[PDB]
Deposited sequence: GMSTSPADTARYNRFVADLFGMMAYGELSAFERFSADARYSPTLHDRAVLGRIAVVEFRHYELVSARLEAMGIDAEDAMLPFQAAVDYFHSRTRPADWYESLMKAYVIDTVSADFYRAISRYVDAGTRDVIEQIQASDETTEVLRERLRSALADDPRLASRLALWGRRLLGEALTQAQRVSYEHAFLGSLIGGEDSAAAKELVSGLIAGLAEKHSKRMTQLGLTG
């Protein structure tokens, strides 16, 4: 390994953090806006809480980028169109779809972090484990979803569709990002295929989770 090899590896880690930071900022924006539409006053804080956690992650990743001597905004820019597009294609119709979107984005991101944690250094891994969603955090959203599905029979069929839509749109953008501006295959053409194996693993865990909400 040469200083050039390491310098390059550090820049791909910067791409990863950049994508993350932008994902987190957007998720904060979306969840916070979505929170206003909650069916009860009791539920208002549900999405506001994950919104704040997301902004906290954004700030931690942003600071890491600066510490690496990298400009946060510059590192984020390349992923802005793809992240914005995904959200524009996953506009929730109501607060239950918002809740579901928060859950799906929370669980898939946590899976991804456990996946890529093996291919990065201990210091990058360290930042990822700080951001990584707790079991109990995710269970709070899951339980609120279960409860909603238990109370309304018309809900399941609509959220099952939505679940499938969220997966499709996130898979479409994952592939656009690996085509249009790749860093993942370099951290993981033949390397792009390893990236697909990771992506499919995420799809598979999402699907087990949908079944456990009694969704197809």
Go through the deposited sequence from residue 1 and tell me which stretches lack C-alpha coordinates, in order. 1-3, 192-196, 225
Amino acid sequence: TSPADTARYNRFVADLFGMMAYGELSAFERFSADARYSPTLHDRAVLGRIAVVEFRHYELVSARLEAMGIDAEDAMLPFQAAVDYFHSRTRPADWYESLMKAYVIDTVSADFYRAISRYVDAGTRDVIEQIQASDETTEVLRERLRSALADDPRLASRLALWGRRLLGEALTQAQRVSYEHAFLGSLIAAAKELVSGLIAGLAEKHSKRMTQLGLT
From here on, numbers count along this sequence of modelled residues.
Higher average CA B factor in the deposited record is what I'm after, so tell me if that's 15-23 or 190-198. 190-198
Mean Cα B-factor check, 159-167 vs 175-183, entry values; winner is 175-183
Which of 82, 99, 93, 131 ranks first by CA B-factor in the deposited coordinates: 131
Grab the CA temperature factor for residue 70 from the record and place it in the lowest, middle or highest third of its chain. highest
Residue 48 by Cα B-factor - lowest, middle or highest third of the modelled chain: lowest
By its CA B factor, does residue 154 count among the lowest, middle or highest third of the modelled residues in the chain? highest
Relative C-alpha B-factor of residue 212, binned into the chain's lowest, middle or highest third: middle
Lowest, middle or highest third: where is residue 87 by Cα B-factor in its chain? lowest
